[PDB]
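Laid out below as C-alpha cells are two forms of one and the same protein chain, each shown alone and named structure 1 and structure 2.
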Structure 1
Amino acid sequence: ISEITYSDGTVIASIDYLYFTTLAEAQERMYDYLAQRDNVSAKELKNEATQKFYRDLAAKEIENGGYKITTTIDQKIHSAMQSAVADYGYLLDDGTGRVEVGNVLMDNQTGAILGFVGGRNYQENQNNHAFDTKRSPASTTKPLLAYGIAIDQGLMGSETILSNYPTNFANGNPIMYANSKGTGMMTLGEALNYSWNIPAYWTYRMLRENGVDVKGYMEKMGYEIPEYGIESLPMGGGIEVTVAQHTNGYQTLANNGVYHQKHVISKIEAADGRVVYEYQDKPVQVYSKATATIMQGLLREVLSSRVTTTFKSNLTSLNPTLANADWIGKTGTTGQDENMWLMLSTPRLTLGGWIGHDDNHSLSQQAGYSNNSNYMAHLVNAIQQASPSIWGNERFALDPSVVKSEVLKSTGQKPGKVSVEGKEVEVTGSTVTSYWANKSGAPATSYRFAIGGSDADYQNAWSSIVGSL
C-alpha cells in the first residue's frame, strides 16, 4: 500500500494540512493519468458524471495501488513553518476575532513548494488557506497586471511619472485610496511604495488603449480571471487567487521573468517502479529580463521604504544578518481591510502570505502594515533557522539588456523643447537615470509626459515645473 514522501524520500504517511494537501494533489495527477490511460475525450472530461467517477477511481487507485508519491516538501522547513504559526500566529489577532493565515514558500527556479502554512490550527479549523481559499490579491496585483506589463511593453520606465491627481470612475464616484481622493504627479517608485490607486488605474487603461494582450501575460502565470473589462482590475477588483497561485506570480518576477508552474508533487511511481507521473519543467519567459529586473529594483524599495509594511524593521530586530538578504516585495490591503497580503522574495525563494477572516469581515487597520509583517518576519526567521542558507545571499541585478536613460525628475522624460499654451519652453532641471525595457529608452518630454492626467491637471503640473527654472 501507497506512500507520500518528503523530497528526501522520508515517508510522510501511508494512505495534517500536509497530508490532505499532498494527497489531493496526488489524486489530481492520478486523475489526469487515468483519463489519459482510458483515452477519455475532452468532451467526456467536461461531463460531471465522468469527473465524479474518475475522481473516485483516482482515489481508490492510490489506496489500493502501491505508489510512491514524491512531494517537493522539505521536512525541516515545513515543520519549522508549522512551529512558526503555532508559536507566533497569535501576533495576528487584533481584536477582530481569530485571524486566519496562509503562506507558501516556493523555490524561484523550479516552482517547487518547499513548505506552507495552511491556517492557525488544522485541529480547530480545516480550511486550507494556502491552497484552497481564493481572495482578492488587492494591490499586489499592480506590479504584475499594470506596471510590469507597461514596462515590458515599452510604455513606461523606472522613473516615469504617473498622475495621482483626483479622478473618477465612469459612474462618477471618486477613485479613492485610504481616505484620500489623490494628490498630483508622482514617479512609479512613489506610486509603488505608497500603493496609490489612480496611477494603477491609468496604467491599465493605457494598456487597453494600446491593445495590449494582458490576459496573455496573466494566463502564462496560471491566473484565471473571468472578466478583464473592469476599471479596478489592476487594484485587485474582479480577481480571486489562492496563496499558492499568487506566490507563483511573484516567483515569475523574482526568477528574472521566467515562470515555473507551482507544484507539490514531483513524481508518482507504480509499485514496479514505472513512473506514472513526473513533473516536466516548462520555463516560460512571461516578462523580459529587463522588465523583471527593473521591477525587482522597485519592489526592493517597496520594502526599504517601509511605507505600507514594517517588515524590514521587524526582520532587522529578530535577525540582522537575514535582514541583509536582498529582499523585495509588495503589500496588499483590500478596500475594507478584509484581506492583507505580503509577498516576499529573495533571488532564491518566494514567500507569499495572506491573512483575513473566513467569513470575510474587516481586520484592524494595521493588520497588514504591522501584524502580518511581524508574523512573516518571525516565519522568515524560522525558515532560516531550519535551513540556514536556503534564502541565499545573492543580489537581484539589472539585466544587461536594460536600457538606461537621462530623464528629468519632473517629467520622467529627456529634457527638450515643449509648448505650454503658446509660449514654447526649453525644459531643463535635475535628472535621474531611468530604466526601460525597450529598444530606445525614454522619449523626449511631451506636454502629456505622464501616465494619466486631465488638461486641468496638466496646466497645474506645468505651472509648478515652469515656475521651477
Structure 2
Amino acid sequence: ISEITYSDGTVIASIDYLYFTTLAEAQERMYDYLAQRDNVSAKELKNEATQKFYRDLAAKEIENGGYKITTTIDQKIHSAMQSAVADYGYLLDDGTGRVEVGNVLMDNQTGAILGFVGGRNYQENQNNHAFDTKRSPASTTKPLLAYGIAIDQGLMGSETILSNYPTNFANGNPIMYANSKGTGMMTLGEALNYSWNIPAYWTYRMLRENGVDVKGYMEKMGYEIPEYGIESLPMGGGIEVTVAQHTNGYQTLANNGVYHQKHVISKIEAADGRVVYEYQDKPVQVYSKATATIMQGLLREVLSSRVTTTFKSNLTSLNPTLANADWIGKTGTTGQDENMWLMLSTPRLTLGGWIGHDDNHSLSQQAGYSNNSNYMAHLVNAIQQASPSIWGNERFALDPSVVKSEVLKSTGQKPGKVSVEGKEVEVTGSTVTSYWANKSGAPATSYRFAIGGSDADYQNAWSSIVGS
C-alpha cells in the first residue's frame, strides 16, 4: 500500500485538492525516476508513445507499489486553511456571482509549501486555483520586475522621484489609473502605496533602455514570460502565473533576495527505504540583500498605508498581537477587475492570494481592496491559531550593505548646482535619507532628476521646485 503523508508523516491517504495535487506531483517524480532507472534518454522521451507509457507506468507504480510519499504539508495548518475557506469563503462574494479563490502558504527559508487553498469547495468546482489556474498577477509584478530590479541595478533608491505625469503607450492610448490620466512627480513610496502605473512604466522603460537582463532575474525565480518588450509588463500585461509560482516570487523578496524553489514533495521512498526522489535545495541570490531589504521596507508601508487594501485594519481587529508581526505585501488589480491579488510576508512565511472568476468575468471594483483583504486576514488568523509561532515575531531590517544618501525630498538626488533654462541654480531645501543598493549611493541632483518625464513635465516640476 502506497501512502501520501503530511510532513510529520501522519498519513493523508492510501493510494481532495491535497490528495490530487500531491499525487500528481509524485507521479511526475516517479516518471523521472523510472525513465532514468530504465536508461531511457530524453531523446527517447521525445517520442509520444514512450512518454505515454512511462506516465502510465509511473501512475501504476504508485498504485501497486509500497511507496511512502512525504509532502511538505503541515496537517494542522492546512486543515486550518481548509476550515477558514469553508467558514469565511462567502466573504469573497461581492455581487458578481460566486468568487473563486487560491492560496499558497510558503516557508521563506526552504520554499516548502506548508498548505494551500485550491478553491471554494472541491465538491462544487474541482479547478485547482493554487497550482493550475494561470492568471495575470497585475500590479503585484511591480516590486519584482520593475522597482526591485531598478534598485538592484543602482538605478533607483528608496526615495527616488518618479514621473506620474500623463503619458501614452506606444499604441497612442493613455496610461490609466482608474479614471486618472495621472498627476505629477512622486516618491517611489507613494508610487508603491497607490500602485500608480506611469511610474512603473517609466521604470521598466529605463530597464529596457539600459539593456538590463530582466529575464535573468525572472527565470532564476522560475517565471516564464514570452515577451519582455511589453510596456505594461510591470502591470501584469504579458505575464500569467499560478499562485504557487507567484508566491515563490514574494518568497525571494522576503528571504533577503534568496530564492528557494517551491515544492510540495520532500521525499519519495520505496517500501524498503530506498530514497527514489528527494528535494534538493538550490538557493539563488536573485536580488542583493541590500535590494531585498530596501524592498521589504517599501512593502511594509504598502500595507500600513491602507491605500489599496484594508488588510491591516481587518487583521488588527481579528488579532491585534498578530497584526503587530512585521507584515509586508502588495496588492494587484487587473484593468477590468478580472484578477485581484494580495501577497503577504513576515520574515518567516509568505502567503499568496488570488480571487477571480473561472470564466474571467469581472469582480466588483472593491473585491480586492476590501473582500479578499478580509478573507486573507481570517486566513492568516486561522493559520496562527493552528500553529501559534508560525508567522514569527522577527522584523525585516535593512542589511548592513544598504547605502544611505542624504537627498533633496524634491528631487530624490543630492543637493547640487543644476542647470535650469539658462541659469545654473543652487538647488537647496530639506533632505531625507534614501536607501540605495549600489556602492556610491544617490547621484548629485540633475535636471532630469526623476525616473521618466517629458520636457514639459520637467518645466512644470522645476518651476515648482524653483519656488524655493
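What we label the rigid core is the largest C-alpha set whose atoms superpose within 1.5 Å from one form to the other. Numbers follow structure 1, counted from its first residue as 1.
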| item | value |
| --- | --- |
| Of the candidates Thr433, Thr428, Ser401, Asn39, the only Cα that travels 2 Å or more between structure 1 and structure 2, given a rigid-core fit | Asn39 |
| Cα displacement of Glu63 between structure 1 and structure 2 reaching 2 Å, rigid core superposed | no |
| Shift in Å of the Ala170 Cα between structure 1 and structure 2 [rigid core superposition] | 1.0 |
| Shift in Å of the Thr50 Cα between structure 1 and structure 2 [rigid core superposition] | 3.2 |
| Cα displacement of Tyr201 between structure 1 and structure 2, core-superposed (Å) | 0.4 |
